[PDB]
Amino acid sequence: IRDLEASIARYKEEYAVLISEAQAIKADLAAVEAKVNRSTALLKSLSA
Amino acid sequence: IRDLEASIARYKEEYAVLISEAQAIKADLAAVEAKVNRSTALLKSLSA
Amino acid sequence: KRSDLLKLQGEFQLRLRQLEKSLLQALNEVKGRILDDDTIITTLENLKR
Amino acid sequence: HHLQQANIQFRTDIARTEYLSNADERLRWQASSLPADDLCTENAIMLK
Amino acid sequence: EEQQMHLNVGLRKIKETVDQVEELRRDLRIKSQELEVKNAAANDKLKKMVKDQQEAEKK
Amino acid sequence: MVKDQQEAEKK
């Protein structure tokens, strides 16, 4: 039981690390989406 | 069972949000540690 | 009022030419990546207004 | 007419004042007490 | 001549911006796929925790 | 989460 609890704790630490990486990717995705919208406005204006 | 699965999805989303906030706090803590170390070296040098 | 309106039109044309010169200088003086800095985007938002 | 006879290329659809003066200095001349006619504009162009 | 040079600088920035927009769209798709993959791995880890907890409760 | 998973497994 103690070994299984230690394995659960280590696996939940790896789970937290994976969620950290996924949410960093999500924040980068939001930044890229904002940059894409700004670049689309830039593309329209400088097309004019 | 469908309601339990929906509650599972909501609880895991709240879990992900809480882990996201905790890891943002951890990144802020690491930045604060770096600032504390730099400011302590600065304090020693400018005390001299 | 017509004289004041003509003065306003002249000031507006001066504003057009200042925008043209500012946009040319901004696009010429970066010497790098346009999409990197947000100062360029802020300046072009001012140009859009 | 002589340039047309000699086949020297010149742009017909342009005004002398607009070719030889900037709009900034035209506005500055109008501010500093100059009449708005084209002869006075040409005279200011000669004066500069 | 300098007016044409300033025009040519601006058009090169236009082509660079178009290429950067294409690269940003590709990177957006790549990051979305990476986020989905990491979410699937996180769900697999959650199932691993559930299975380990069930095994510990049974034993 | 574990309690809800156990309840769903039971029912």
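Residues numbered from 1 in each chain as written, not as in the entry; some residues may be left out. Chains lettered and ligands numbered in written order. Part of a larger assembly, values for the part shown. Heavy atoms only, no water. Residues with missing side-chain atoms left out of burial classes, pairs and counts.

Going by the header, the method for this PDB entry is cryo-EM, and the resolution given is 2.7 Å.

### Description of the overall build of chain E
Formally: Helix numbers and strand numbers start at the N terminus; a helix is a DSSP run of H or I with at least 4 residues, a strand a run of E with at least 2.
Helix and strand content of chain E: one helix and zero strands. Structurally, chain E occupies a C-alpha span of about 85 × 10 × 5 Å along its principal axes.

### A word on the overall build of chain C
Summing up its helical and strand segments, chain C has two helices and zero strands in all. A principal-axis box enclosing the C-alpha atoms of chain C has dimensions of 45 × 15 × 10 Å.

### With respect to the side chain of D:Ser21
Residues and elements named next belong to chain D. Quick reminder of the rule: Two N or O atoms form a polar contact when they lie within 3.5 Å of each other; inside protein one atom must be a possible hydrogen donor and the other a possible acceptor, and for residues adjacent in sequence the pair counts only when both atoms belong to side chains. Every residue pair with non-hydrogen atoms within 4.5 Å of one another is taken to be in contact.
Structurally, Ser21 can be placed in the loop between α2 (16-20) and α3 (23-31). From its side chain, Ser21 meets the backbone oxygen of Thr17 in a polar contact 2.4 Å long. At 2.5 Å, the side chain of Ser21 forms a polar contact with the side chain of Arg26. In contact with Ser21, other than residues within four places in its own chain, are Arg26, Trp29 and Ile45.

### Quick word on the packing of aromatic side chains
Applied cut-off: Classification of ring pairs uses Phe, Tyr and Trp, with its six-membered ring standing for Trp, and accepts pairs whose centres are within 6.5 Å; under 30 degrees between planes counts as stacked, over 60 as edge-to-face, and the remaining range as tilted.
Consider the rings of A:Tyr15 and B:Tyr15, whose centres lie 5.8 Å apart with planes at 50 degrees: the pair is tilted. In this pair, A:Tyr15 sits in helix α1 (residues 2-47) while B:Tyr15 sits in helix α1 (residues 2-47), so the two residues belong to two different chains.

### What about the packing of helix α1 (residues 2-29) of chain C against α3(D)?
Stated precisely, the cut-off is as follows: Interaxial angles span 0 to 180 degrees and are taken between N-to-C directions of axes, which are lines fitted to C-alpha atoms, for helices over the stretch in contact. Roughly parallel means an angle under 35 degrees; roughly antiparallel means over 145; roughly perpendicular covers 65 to 115; every other angle is labelled oblique. Note on convention: the crossing is left-handed when the near helix lies turned anticlockwise from the far helix by less than a right angle, right-handed when the turn is clockwise. Amino acid classes used here: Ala, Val, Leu, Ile, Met, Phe, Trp, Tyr, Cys and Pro are nonpolar; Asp, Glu, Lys and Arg are charged; the rest, including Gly, are polar.
Running from N to C, α1(C) and α3(D) cross one another at 155 degrees; their axes reach a closest spacing of 10 Å. Classified by the interaxial angle, the pair formed by α1(C) and α3(D) is roughly antiparallel. As α1(C) packs across α3(D), the resulting crossing turns out to be left-handed. For the pair formed by α1(C) and α3(D), the contact residues are C:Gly10, C:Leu14 and C:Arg17 on the first element and D:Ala23, D:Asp24 and D:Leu27 on the second. Here the residues of the contact of α1(C) with α3(D) are counted per class, giving three nonpolar, one polar and two charged.

### Here we look at the arrangement of the chains
For the eight pairs of chains in contact, the maximum contact count is reached by chains A and E. There is no contact between chain B and chain C; across them, the least C-alpha separation is 24 Å. The two partners chain D and chain F share no contact, and the minimum distance between any of their C-alpha atoms is 72 Å.

### A short note on the interface of chain A and chain E
When the parts come together, some accessible area is lost, and that loss is often what is quoted as the size of the interface. On the chain E side, the residues contacting the 23 residues of chain A number 21 residues. Of the residues contributing to the side of chain A that touches chain E, the split by class is 15 nonpolar, two polar and six charged.

### Topic: unusual backbone geometry
Phi is positive for C:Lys31, close to 55 degrees, though the residue is something other than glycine. Of note, D:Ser33 is a non-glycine position whose phi angle comes to about 60 degrees, a positive value. Residue placement: D:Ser33 occurs in the loop between α3 and α4 (38-47).

### Structural notes on the environment of A:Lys35
Relative to the helices and strands, A:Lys35 resides in helix α1. C-alpha separation for the pair A:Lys35 and A:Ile8, spaced 27 residues apart in sequence, amounts to 40 Å. Not counting chain neighbours up to four residues away, the residues in contact with A:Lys35 comprise C:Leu35 and C:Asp36.

### A look at the packing of α1(A) against helix α1 (residues 2-58) of chain E
Between α1(A) and α1(E), the least distance of the axes is 8 Å, while the angle of their chain directions is 160 degrees. By the angle class used here, α1(A) and α1(E) are roughly antiparallel. Crossing of α1(A) against α1(E): the hand is left-handed. For the contact of α1(A) with α1(E), the residue count by class is 25 nonpolar, five polar and twelve charged.

### With respect to the pattern of salt bridges
Just so we agree on the cut-off: Only one rule defines a salt bridge in this text: a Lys or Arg side-chain nitrogen within 4 Å of an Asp or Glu carboxyl oxygen.
C:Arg17 is the salt-bridge partner of D:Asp24, the closest N and O atoms lying 2.6 Å from each other. Of this pair, D:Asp24 sits in helix α3 while C:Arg17 sits in helix α1, which puts the two residues in different chains. Close ionic contact of E:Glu16 with E:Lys13 constitutes a salt bridge, the shortest N to O distance being 3.8 Å. Of this pair, E:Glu16 and E:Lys13 both sit in helix α1, three residues apart, roughly one helical turn. A network of salt bridges, in which partner residues are shared, links A:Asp28, E:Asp27 and E:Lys31.

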